[PDB]
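First the structure, in the form of structure tokens, and then the observations on it.
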Amino acid sequence: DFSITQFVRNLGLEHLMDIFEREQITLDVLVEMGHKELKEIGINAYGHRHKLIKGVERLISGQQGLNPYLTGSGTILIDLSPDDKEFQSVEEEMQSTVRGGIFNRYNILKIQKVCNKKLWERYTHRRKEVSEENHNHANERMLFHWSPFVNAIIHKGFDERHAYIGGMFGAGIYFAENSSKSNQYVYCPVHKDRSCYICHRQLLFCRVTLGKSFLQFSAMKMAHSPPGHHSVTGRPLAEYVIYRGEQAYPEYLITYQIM
Amino acid sequence: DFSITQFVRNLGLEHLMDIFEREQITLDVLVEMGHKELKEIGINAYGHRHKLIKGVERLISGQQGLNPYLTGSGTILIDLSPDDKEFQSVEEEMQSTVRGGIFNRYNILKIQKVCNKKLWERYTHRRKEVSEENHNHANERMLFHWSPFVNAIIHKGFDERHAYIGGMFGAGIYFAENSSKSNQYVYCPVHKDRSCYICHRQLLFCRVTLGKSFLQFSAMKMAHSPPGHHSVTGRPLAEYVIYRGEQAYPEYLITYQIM
Amino acid sequence: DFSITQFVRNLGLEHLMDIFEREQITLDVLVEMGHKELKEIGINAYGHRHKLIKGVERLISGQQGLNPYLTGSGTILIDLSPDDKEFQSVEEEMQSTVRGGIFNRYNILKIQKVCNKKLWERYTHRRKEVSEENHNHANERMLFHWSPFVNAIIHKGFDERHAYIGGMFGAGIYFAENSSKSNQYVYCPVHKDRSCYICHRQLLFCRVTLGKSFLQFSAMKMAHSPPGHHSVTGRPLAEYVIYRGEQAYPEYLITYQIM
Amino acid sequence: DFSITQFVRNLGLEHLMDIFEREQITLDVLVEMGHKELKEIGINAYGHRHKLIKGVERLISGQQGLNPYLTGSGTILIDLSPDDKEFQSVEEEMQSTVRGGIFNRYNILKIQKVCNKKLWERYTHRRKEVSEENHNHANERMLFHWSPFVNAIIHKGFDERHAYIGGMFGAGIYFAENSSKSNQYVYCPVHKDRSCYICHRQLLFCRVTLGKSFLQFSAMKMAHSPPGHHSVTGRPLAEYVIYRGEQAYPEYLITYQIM
Amino acid sequence: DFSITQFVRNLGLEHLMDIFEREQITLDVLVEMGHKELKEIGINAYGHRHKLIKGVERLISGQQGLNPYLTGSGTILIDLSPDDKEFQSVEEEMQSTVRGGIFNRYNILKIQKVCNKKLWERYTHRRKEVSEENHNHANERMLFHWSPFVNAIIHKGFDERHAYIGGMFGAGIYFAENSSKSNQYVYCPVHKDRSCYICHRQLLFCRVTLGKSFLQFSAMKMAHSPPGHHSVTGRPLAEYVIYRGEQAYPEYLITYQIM
Amino acid sequence: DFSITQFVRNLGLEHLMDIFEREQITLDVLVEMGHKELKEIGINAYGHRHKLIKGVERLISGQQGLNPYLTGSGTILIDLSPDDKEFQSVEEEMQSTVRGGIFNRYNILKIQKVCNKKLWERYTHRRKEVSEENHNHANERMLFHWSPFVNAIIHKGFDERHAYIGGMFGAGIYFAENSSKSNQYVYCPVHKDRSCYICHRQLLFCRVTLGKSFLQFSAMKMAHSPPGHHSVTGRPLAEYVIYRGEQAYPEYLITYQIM
Amino acid sequence: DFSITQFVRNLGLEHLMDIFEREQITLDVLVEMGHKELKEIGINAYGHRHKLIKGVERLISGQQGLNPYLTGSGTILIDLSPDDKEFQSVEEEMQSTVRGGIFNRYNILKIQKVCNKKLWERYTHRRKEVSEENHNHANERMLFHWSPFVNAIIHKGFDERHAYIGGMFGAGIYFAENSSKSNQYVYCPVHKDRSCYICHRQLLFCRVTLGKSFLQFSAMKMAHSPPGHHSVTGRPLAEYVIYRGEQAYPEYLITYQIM
Ligand SMILES: [Zn+2]
Ligand SMILES: [Zn+2]
Ligand SMILES: [Zn+2]
Ligand SMILES: [Zn+2]
Ligand SMILES: [Zn+2]
Ligand SMILES: [Zn+2]
Ligand SMILES: [Zn+2]
């Protein structure tokens, strides 16, 4: 990194750059190193470590409005083995909750676990808000979901700006307690069959914060939630609608086939 | 205490007993003091602090099977002001969820928040177990409850040994989503009137972990949950049954009158 | 309070209750007192202060999921004197920005400054999110606003669930750069005159975070912001629309008359 | 004040309002009172003082971006007696520096000392900047000045936006070392006599930071100071020009007549 | 350093010079070292640490007019990865704002982030001034900028002394909302072609405080801002002019080619 | 020290001398230690600390006429780096202000900053006197100076007893606005050439308080300043004369060669 | 102490003896402690502190004729470093004032400063008396002195009962303006040589109050000072005589050798 070269040159310690080069220390690494970490890599003199730590302070906290802290954020898909207890529980939900296609079961090919730090922080913050409003009860449920935007949810999170405008209950994000109600939404690319039996179809088994849900029995077209409520529970097979993207987390990614 | 007198006498430091007497240091206090806390109260010599700390170690860790660490645990009822948002949320649930007596609403007198450390630890541990079993979803809901043992639940927690043996779905602990379904269970002490409009009734608004619930539509006399399931959801107004005492937490205590 | 009585009784220190009574120490106060504050009120024994602090820890942190910390949050309206520089600046904006009624100026009666803590925290958190998305630029402006919910905005903040459904650019919150464009939205209660010259009108001069705005030149019915954008800028006098309530803060409350 | 009424009502201490009313405590006064100041006015319970201090903190520091701290800023003109040493020194400068009218001396009526906190802070900050640039030397001199904006300078300070556009050395602020060079700029209101011997003329004896001055000998039209320099020194009787308003302070206000 | 040798010799502690030599303690380091920092490097005797701390006090605070505290001030250019969200946002602005050359897009080679402590401090101080004047509104926008003095801005900040005297709205610093409006100002060094497709052009994406802007529609030649205003917004593609260098901060440095 | 042994022996606390020996506490150190500083070094008993503090009081204040407080006074020369802004400013003055030898520029070897506490106190006290006399204007300027006594000014300050008795304007201390006028006064030690191009000639860049200066155009032989005036400004290249040593401070020490 | 045990036992507060024992509080310490000091050491009850303070009052003030207040009085010799300014001044006097042995200079070994409180109080009281007599002029000088009683003067002050009865001007105390006249009075112990060049001779450089001195030119045998005069000045090298011991103070103690 050339950032650390300029930093060290500005401090006047450009004779430490051989050490910083051989230890592959970058600025984003040097920010989080104290006296112990700096002495481990061979900065023995106290004066040099004092200078480096003060210079890091007068960059991180001295330019807070600049936010110079530009520090590996991404999604990690942790595949589950078919003999794992979590795999069996998710499969049990996926199958037993069946109630489109002419199927009676599914062929679970793989189940993966979505792990994103930033989306988890967003979800937990909104969960805390909803909890504080709803007498310390988030009313959290695990529901299925399909939308054309699946490869993008597991990377950028749910987005209400990509809403399902043409829906029964308005421009929200639609979750189904039954896996059938969610794979009815799918679509076929290659084989023109609607009920294709060789289709590699993907489903999300998300983690939804409902809070105070508005029990609705007819159809409406809400753009946002009704006042005082955080979600919509519509029975025209119940289906749940949220209007804030940060209020659901993509928990699992299920790949399966009609069978 | 006379315990600290024996302890200090055994260590041979019986000249520190004026310090320990004026600072009201007891054994259950001395156990949790290090070098810093012991120097704050005026044990300046390093040898004395070393002796005290070693003697505490050779009592807490040296007799781990004795469990000599006998250290105040109790319920603290925190009254919620009627202008607080949590009070209004619980009241909204209490009222709007109605669907015995010839009433249409309630006269909420006071809502208190139950705070017990030990019961919370039990509940959270069982919640972790149920979560691990149920693919990391506790399936936690807030449901009402009435029982003859109300002043005992808020002090010792729910007990399945005090089960509703003569119940529709067996010997469990019965929770209702509707407040009316729960105050139908009450009983009048002073008046003979069943619908006493001046009765001080108490209701629990608990926090119940259901896990994988068994959807049951008829009556049965289960002693424990059906295999593979953590609770029973019976719709003969839905009513929920748990067969483990540690799987619910008494959250709020509502005192009210029929109105 | 009776909560502190139970707490102190559980610790076994019920002889400190005269101190806690004459100094009007409650639980919400006792939570934030350390050794120093506890000795200031006359708890001289180290054992007693240790016991109180440990008992507070084993209630605040030991039951963190309970959130037992129930601690005066509300709106404080700070009247600005007409000789103040801020009053003159807001008045200059209000007047010079005019471009309904047959008026040319206003009769500014009073300008107040809305001061809420919780709403400010919400606004600043959303500002941080929008800034991180928009290359560290919130794109913040103050714009005028009128809505039937004015005495409710200054107390509970902007709410998109109270959206202007029948608006030009959809169900958002409409802000106008011109004071006239916003006082055209008003409505007379007592007089039948639309242009009542003796009407006490209220106008909000709010602080709005636009982020990356969508320049739209026609009318559409956005339920939420267009993908990738945080607001809508409409020029059918430009008018700005946000679709998230936490993305504006009610800054000033202006009371005026047509003149 | 009503702001303090709302504040105290929010804290729940509205029974202290009689104390706050008889002692005329406002919010801008309550902000700067600690435990001892609050006990001096009769708030004896520690809990109440703790509540007030925490509430003030959660308003001053908890809304720092709001800047709710709206706290007697103005100019105080302190008249100097003619027998004072400072009056004599300023008079000696005024007279001896003569070198329009056909006069030889002045009739000094009164000399006043301008005292403003805000303008002094501005001037000292710019002085620090100029000193740091110019090897810790501000190069500060006391020079005379006349402008149509004299009753405005002593209240709002010097302003380069009110520049002398039609000047010899550009759009700056022109100061002269000789008093005659500065009273040549005056204008006659009542009498038509340009050399009116009964005119109540006002002159400023300011305090100017010249920094690194650009020695010029011909006329030019600098919009701003030349690069690397903080002022212009022109000798076409030398006259000094500054292009920053915050780089001079109105020190004395001299009223006199031609004589 | 030889300064610390004289300092320690004057205090009479010249036997500590081997410690100060092996730890590379210089005066600028010793100034910021207290009791714990001085005991870390092995100054165990209390008398010596007392002497050193007192001598540093009687040098830093005892000669405040000298400002002897001469203490890594410089610019650090932090290169952004093309896959970072901030890079994509700045590139989106750069491209989408196009409306010289015969181009339709740009070829962004690299984007760097300018980080200077002193320039940030200046910018934030002037931002606070402008905010206090303009009813707590800096009116901050990010605009593009090209000037012959680009390699000097990122190191010394904007300077109105290097103004654009030959400009349409006077001698100010010209910023453009559109990137094309700002690269129309460029100039070709090596090729005679003005529209060279192989030229490395640098553009600044600055952070400009506008405050209260004077909407002007014709041309004029202000040297400084119109009275009561902090900037000029001139629409003859709108262009913005500031007359104070401290009122914009170079946020990004964009290197690109025409494509 | 042996003074502290006598002091502690007189107090009767000679059992604390091992502590005072290991911590190298001397009398000049013990004078400045209170209760907390005495407890930090292990004087735990209140009686002993009380005795020590009272004995120190009855030694410093009880013998004020003796002035027994004999406490690191000396000059600290702080070298300036050639890339520093202050170095460049002093160099710019030194070069640009030239107008003996046949040279045109100087070769600046090194610039040092003179830091003496006592001389600064003397200079600032006389500055305050001169300011009070001259209507709160010290009329401070930085001018060059050469004298045979250069290594003595930086250590003992300017002295009018070492006056230039054979001067044009009398027995004063002659400062020059131009560096050439000041280096004409030098003298050659090694080489016989008076214009030796390899001589390390030293110069002072002082900080003089001129106050109210007497403009003289001819020669005179003043022993002291003319009545009512604090200095003499002579133009027979203007040269400034002060007749009081404490009215200038040696700010920098410039070492250079003719080039 | 045992006095404090009796005192506290008489007050009836013998349960405070552990505090008074661990804090090493003695009677001479307890006399000077008020409410603040008594609370700092852990006497929290107001009754106990009131009793202690009243008992101390009824012992110090209630028995004033007893003078029970028997409270570190002694001489503290402070050695001066040979590089100190005061050392150099005293040495300059010591050497330059020469005008027995055949020497020309001295070899100053060490100079010490005598610091006694009681002797200083005596000397200053007599100085004030003599000042009041002699129109507010003590006529104080610093003169040399040798007497067989030097180690006794520095501890008990000058004494006219040890008068030089065999003197030229009577039974007074003889001081000399020249060090030579004072070291002619010496005597050799180890070597038989009166002019022993390796003899450690001690001389006093006192601080004598002469008041109104009687100029004498012949010898006489005054037992006391002549009427109306406070001292005798004799020029038979002038020598000064005082007849009251409290009218001089032994300031420095000079140890030297003939050289
Ligand atoms: Zn297919
Ligand atoms: Zn009843
Ligand atoms: Zn009306
Ligand atoms: Zn007139
Ligand atoms: Zn090219
Ligand atoms: Zn030479
Ligand atoms: Zn001998």
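The chains in the structure tokens are called A, B, ... from first to last as shown; in each chain the residues are counted from 1, and the ligands are counted from 1 in the order shown.
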
Could you list, as a list in words, all the residues within 9 Å of ligand 2, counting only C-alpha atoms and all ligand atoms?
-> residues 188, 189, 190, 191, 192, 193, 194, 195, 196, 197, 198, 199 and 200 of chain B

Write out as a list in words the residues lying within 10 Å of residue 255 in chain E, counting only C-alpha atoms and excluding same-chain residues fewer than 2 positions away.
-> residues 106, 107, 108, 109, 110, 111, 112, 199, 200, 201, 202, 203, 204, 252, 253 and 257 of chain E

Residues just named, written with N, CA and C atoms as a tab-separated table (two decimals), in the first residue's frame:
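Okay, again-v2.tsv is ready:
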chain	number	residue	atom	x	y	z
E	106	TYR	N	-16.55	8.77	-19.51
E	106	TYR	CA	-15.17	8.92	-19.07
E	106	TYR	C	-14.57	7.54	-18.85
E	107	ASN	N	-13.24	7.51	-18.78
E	107	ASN	CA	-12.50	6.30	-18.44
E	107	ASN	C	-11.80	6.55	-17.11
E	108	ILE	N	-12.49	6.22	-16.02
E	108	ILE	CA	-11.96	6.49	-14.69
E	108	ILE	C	-10.80	5.54	-14.41
E	109	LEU	N	-9.60	6.10	-14.29
E	109	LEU	CA	-8.40	5.31	-14.01
E	109	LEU	C	-8.26	5.03	-12.52
E	110	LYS	N	-8.39	6.06	-11.69
E	110	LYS	CA	-8.28	5.89	-10.25
E	110	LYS	C	-8.96	7.05	-9.54
E	111	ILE	N	-9.46	6.77	-8.34
E	111	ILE	CA	-10.04	7.77	-7.45
E	111	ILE	C	-9.31	7.67	-6.12
E	112	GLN	N	-8.83	8.79	-5.62
E	112	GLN	CA	-8.12	8.84	-4.35
E	112	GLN	C	-8.85	9.77	-3.39
E	199	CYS	N	-4.92	11.62	-22.73
E	199	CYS	CA	-4.44	12.56	-21.73
E	199	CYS	C	-4.94	12.16	-20.35
E	200	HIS	N	-4.06	12.27	-19.35
E	200	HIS	CA	-4.42	12.00	-17.96
E	200	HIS	C	-4.86	13.31	-17.31
E	201	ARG	N	-6.17	13.50	-17.25
E	201	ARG	CA	-6.75	14.69	-16.65
E	201	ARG	C	-7.17	14.40	-15.22
E	202	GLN	N	-6.89	15.34	-14.32
E	202	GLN	CA	-7.25	15.23	-12.92
E	202	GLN	C	-8.35	16.22	-12.60
E	203	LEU	N	-9.34	15.77	-11.85
E	203	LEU	CA	-10.48	16.58	-11.47
E	203	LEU	C	-10.72	16.41	-9.98
E	204	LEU	N	-11.14	17.49	-9.33
E	204	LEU	CA	-11.42	17.47	-7.90
E	204	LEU	C	-12.92	17.39	-7.68
E	252	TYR	N	-12.13	14.36	-2.96
E	252	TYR	CA	-11.62	13.30	-3.82
E	252	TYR	C	-10.76	13.89	-4.93
E	253	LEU	N	-9.90	13.05	-5.49
E	253	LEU	CA	-9.09	13.40	-6.65
E	253	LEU	C	-9.31	12.33	-7.71
E	257	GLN	N	-9.64	9.72	-18.32
E	257	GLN	CA	-9.43	10.11	-19.70
E	257	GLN	C	-10.77	10.19	-20.41

Give me, as a Markdown table, each residue of chain G that comes within 7 Å of chain F, together with its shortest interatomic pair and the distance in Å at one decimal, counting only C-alpha atoms, with rows ordered by chain and rising residue number.
| residue | atom | partner | partner_atom | distance |
| --- | --- | --- | --- | --- |
| G:22 | CA | F:45 | CA | 6.9 |
| G:23 | CA | F:45 | CA | 4.6 |
| G:24 | CA | F:47 | CA | 5.0 |
| G:25 | CA | F:47 | CA | 5.0 |
| G:29 | CA | F:47 | CA | 6.5 |
| G:72 | CA | F:11 | CA | 4.4 |
| G:73 | CA | F:10 | CA | 6.4 |
| G:74 | CA | F:10 | CA | 6.2 |
| G:76 | CA | F:6 | CA | 6.0 |
| G:77 | CA | F:3 | CA | 6.3 |
| G:78 | CA | F:3 | CA | 5.7 |
| G:117 | CA | F:63 | CA | 6.3 |
| G:120 | CA | F:63 | CA | 6.8 |

Let's have the selection written as a PDB file, in the first residue's frame, with N, CA and C atoms.
ATOM      1  N   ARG G  22      -4.337   3.829  63.490  1.00  0.00           N
ATOM      2  CA  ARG G  22      -3.855   3.514  62.155  1.00  0.00           C
ATOM      3  C   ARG G  22      -3.466   4.760  61.374  1.00  0.00           C
ATOM      4  N   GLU G  23      -4.072   5.913  61.645  1.00  0.00           N
ATOM      5  CA  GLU G  23      -3.708   7.122  60.926  1.00  0.00           C
ATOM      6  C   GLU G  23      -2.625   7.915  61.636  1.00  0.00           C
ATOM      7  N   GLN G  24      -2.092   7.388  62.734  1.00  0.00           N
ATOM      8  CA  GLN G  24      -0.959   7.981  63.437  1.00  0.00           C
ATOM      9  C   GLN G  24      -1.258   9.417  63.852  1.00  0.00           C
ATOM     10  N   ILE G  25      -2.499   9.648  64.253  1.00  0.00           N
ATOM     11  CA  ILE G  25      -2.926  10.951  64.741  1.00  0.00           C
ATOM     12  C   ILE G  25      -2.434  11.100  66.170  1.00  0.00           C
ATOM     13  N   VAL G  29      -1.157  16.763  66.166  1.00  0.00           N
ATOM     14  CA  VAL G  29      -1.844  16.704  64.880  1.00  0.00           C
ATOM     15  C   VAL G  29      -3.332  16.967  65.044  1.00  0.00           C
ATOM     16  N   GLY G  72       8.423  20.573  64.850  1.00  0.00           N
ATOM     17  CA  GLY G  72       9.680  20.405  64.146  1.00  0.00           C
ATOM     18  C   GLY G  72      10.446  21.700  63.965  1.00  0.00           C
ATOM     19  N   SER G  73      11.121  22.136  65.023  1.00  0.00           N
ATOM     20  CA  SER G  73      11.878  23.385  65.030  1.00  0.00           C
ATOM     21  C   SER G  73      13.364  23.041  65.027  1.00  0.00           C
ATOM     22  N   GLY G  74      14.091  23.576  64.050  1.00  0.00           N
ATOM     23  CA  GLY G  74      15.516  23.360  63.959  1.00  0.00           C
ATOM     24  C   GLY G  74      16.080  24.042  62.734  1.00  0.00           C
ATOM     25  N   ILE G  76      17.974  24.089  59.175  1.00  0.00           N
ATOM     26  CA  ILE G  76      18.110  23.279  57.974  1.00  0.00           C
ATOM     27  C   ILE G  76      19.111  23.986  57.077  1.00  0.00           C
ATOM     28  N   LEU G  77      20.264  23.364  56.864  1.00  0.00           N
ATOM     29  CA  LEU G  77      21.323  23.938  56.042  1.00  0.00           C
ATOM     30  C   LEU G  77      21.134  23.453  54.612  1.00  0.00           C
ATOM     31  N   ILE G  78      20.930  24.386  53.691  1.00  0.00           N
ATOM     32  CA  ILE G  78      20.662  24.075  52.293  1.00  0.00           C
ATOM     33  C   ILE G  78      21.912  24.419  51.498  1.00  0.00           C
ATOM     34  N   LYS G 117      13.328  29.057  61.519  1.00  0.00           N
ATOM     35  CA  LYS G 117      12.086  29.817  61.590  1.00  0.00           C
ATOM     36  C   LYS G 117      12.080  30.760  62.785  1.00  0.00           C
ATOM     37  N   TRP G 120      14.491  33.641  62.450  1.00  0.00           N
ATOM     38  CA  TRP G 120      13.998  34.611  61.481  1.00  0.00           C
ATOM     39  C   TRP G 120      12.890  35.465  62.075  1.00  0.00           C
TER      40      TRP G 120
END

Looking only at strand (DSSP E) from DSSP on the backbone, list the matching residues of range 18-83 of chain G as an NGL selection string.
-> :G and (76-79)

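Comparing the minimum interatomic distances between ligand 6 and each of F:186, F:242, F:16, F:94, counting only C-alpha atoms and all ligand atoms, we find that F:186 sits nearest.
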
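Relative to CA of residue 139 in chain D, CA of residue 143 in chain F is found at 11.5 Å.
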
When you look at range 230-239 of chain B with a cut-off of 8 Å (counting only C-alpha atoms), what residues show up, excluding the ones that are within fewer than 6 positions of it in the same chain? I need them as a compact mmCIF listing (two decimals) with C-alpha atoms, in the first residue's frame.
# COMPACT_ATOMS: atom_id res chain seq x y z
CA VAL B 130 -35.26 -25.18 21.74
CA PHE B 169 -55.09 -30.98 25.93
CA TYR B 174 -52.27 -23.39 29.27
CA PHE B 175 -51.69 -20.04 27.57
CA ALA B 176 -54.25 -18.11 25.54
CA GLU B 177 -53.69 -15.55 22.81
CA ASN B 178 -56.90 -13.78 23.89
CA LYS B 181 -60.01 -16.84 27.02
CA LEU B 210 -43.11 -22.83 21.53
CA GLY B 211 -40.48 -24.23 19.16
CA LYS B 212 -42.06 -26.76 16.84
CA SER B 213 -45.71 -26.84 17.89
CA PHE B 214 -48.13 -29.69 17.24
CA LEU B 215 -51.22 -28.53 15.35
CA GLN B 216 -54.02 -30.42 17.09
CA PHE B 217 -57.72 -30.04 16.31
CA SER B 218 -59.32 -32.47 18.79
CA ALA B 219 -58.85 -33.20 22.48

Among the residues of range 47-257 of chain A, find those DSSP assigns to helix (DSSP H, G or I) from the backbone and print them as a PyMOL selection string.
-> chain A and resi 47-60+64-66+85-96+117-133+153-156+160-162+179-183+245-247

Would you list the contacts of residue 221 in chain E as a PyMOL selection string, taking every protein, DNA or RNA residue within 12 Å and counting only C-alpha atoms, but skipping same-chain residues closer than 6 positions in sequence?
-> (chain D and resi 165+171+223) or (chain E and resi 164-172+232+234+241+243)

Based on the selection just made, write N, CA, C and O atoms of those residues as a compact mmCIF listing (two decimals), in the first residue's frame.
# COMPACT_ATOMS: atom_id res chain seq x y z
N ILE D 165 -15.06 49.33 -3.12
CA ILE D 165 -14.85 48.87 -4.49
C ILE D 165 -14.12 49.91 -5.32
O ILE D 165 -13.28 49.58 -6.17
N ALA D 171 -10.66 46.18 -3.86
CA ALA D 171 -11.81 46.05 -2.97
C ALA D 171 -11.37 45.48 -1.62
O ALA D 171 -11.59 44.31 -1.30
N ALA D 223 -8.42 42.01 -6.02
CA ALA D 223 -9.66 41.56 -5.42
C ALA D 223 -9.41 40.97 -4.04
O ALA D 223 -10.17 41.24 -3.10
N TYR E 164 -9.80 32.99 -9.61
CA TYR E 164 -10.06 33.07 -11.05
C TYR E 164 -10.53 34.48 -11.36
O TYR E 164 -11.72 34.76 -11.48
N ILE E 165 -9.56 35.39 -11.49
CA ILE E 165 -9.89 36.80 -11.72
C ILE E 165 -10.63 36.95 -13.04
O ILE E 165 -11.62 37.69 -13.13
N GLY E 166 -10.16 36.27 -14.08
CA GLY E 166 -10.86 36.29 -15.35
C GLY E 166 -12.04 35.34 -15.37
O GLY E 166 -12.07 34.40 -16.17
N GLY E 167 -13.02 35.57 -14.50
CA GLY E 167 -14.19 34.73 -14.40
C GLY E 167 -15.47 35.50 -14.68
O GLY E 167 -15.48 36.74 -14.72
N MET E 168 -16.55 34.76 -14.86
CA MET E 168 -17.82 35.37 -15.25
C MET E 168 -18.49 36.07 -14.08
O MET E 168 -19.18 37.08 -14.26
N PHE E 169 -18.30 35.56 -12.86
CA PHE E 169 -18.92 36.11 -11.66
C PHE E 169 -17.90 36.70 -10.70
O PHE E 169 -18.14 36.74 -9.49
N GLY E 170 -16.77 37.16 -11.21
CA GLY E 170 -15.78 37.84 -10.40
C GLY E 170 -14.63 36.92 -10.01
O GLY E 170 -14.45 35.83 -10.57
N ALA E 171 -13.86 37.38 -9.04
CA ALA E 171 -12.66 36.67 -8.59
C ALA E 171 -13.02 35.76 -7.41
O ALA E 171 -12.85 36.10 -6.24
N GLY E 172 -13.53 34.58 -7.75
CA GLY E 172 -13.84 33.58 -6.76
C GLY E 172 -13.27 32.22 -7.13
O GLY E 172 -12.35 32.13 -7.94
N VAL E 232 -22.29 32.61 -4.22
CA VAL E 232 -23.03 33.05 -5.40
C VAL E 232 -23.44 31.82 -6.20
O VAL E 232 -22.61 30.96 -6.48
N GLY E 234 -24.85 31.29 -9.74
CA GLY E 234 -25.07 32.00 -10.98
C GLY E 234 -25.52 31.07 -12.09
O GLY E 234 -24.84 30.09 -12.40
N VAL E 241 -19.95 29.85 -6.88
CA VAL E 241 -18.73 30.61 -6.62
C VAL E 241 -18.62 30.87 -5.13
O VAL E 241 -19.58 31.33 -4.50
N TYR E 243 -15.88 32.80 -2.27
CA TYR E 243 -14.82 33.79 -2.21
C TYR E 243 -13.92 33.61 -1.00
O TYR E 243 -13.02 34.42 -0.77

List the neighbours of range 95-101 of chain E out to 7 Å using only C-alpha atoms; skip same-chain residues closer than 3 positions along the sequence, and give me the result as a list in words.
->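 So, after excluding close chain neighbours, the residues are residues 91, 92, 105, 106, 178, 179, 180, 183, 184 and 195 of chain E.
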
Atoms kept (N, CA and C atoms) for selection, written as a compact mmCIF listing (two decimals), in the first residue's frame:
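Result went into selection.txt, see below:
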# COMPACT_ATOMS: atom_id res chain seq x y z
N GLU E 91 -18.01 7.49 -9.08
CA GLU E 91 -18.01 7.28 -10.52
C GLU E 91 -19.39 7.51 -11.10
N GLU E 92 -20.44 7.09 -10.39
CA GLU E 92 -21.81 7.33 -10.83
C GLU E 92 -22.08 8.82 -10.97
N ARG E 105 -18.79 9.58 -22.26
CA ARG E 105 -18.47 8.98 -20.97
C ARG E 105 -17.01 9.29 -20.64
N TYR E 106 -16.55 8.77 -19.51
CA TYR E 106 -15.17 8.92 -19.07
C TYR E 106 -14.57 7.54 -18.85
N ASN E 178 -22.02 19.74 -12.69
CA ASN E 178 -21.78 18.78 -13.76
C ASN E 178 -20.29 18.64 -14.00
N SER E 179 -19.84 17.40 -14.18
CA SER E 179 -18.42 17.15 -14.41
C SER E 179 -17.95 17.70 -15.75
N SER E 180 -18.82 17.70 -16.76
CA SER E 180 -18.46 18.25 -18.06
C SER E 180 -18.21 19.76 -17.97
N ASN E 183 -14.67 20.01 -16.69
CA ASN E 183 -13.53 19.69 -17.54
C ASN E 183 -13.51 20.50 -18.83
N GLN E 184 -14.54 21.30 -19.10
CA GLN E 184 -14.41 22.30 -20.15
C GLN E 184 -13.32 23.31 -19.85
N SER E 195 -8.73 17.99 -27.78
CA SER E 195 -9.51 16.83 -27.36
C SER E 195 -8.70 15.54 -27.40

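The space separating CA of residue 206 in chain A from CA of residue 137 in chain A comes to 18.4 Å.
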
Expressed in Å to a single decimal, how great is the separation between CA of residue 154 in chain A and CA of residue 114 in chain A?
->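 Separation of CA of residue 154 in chain A and CA of residue 114 in chain A: 6.6 Å.
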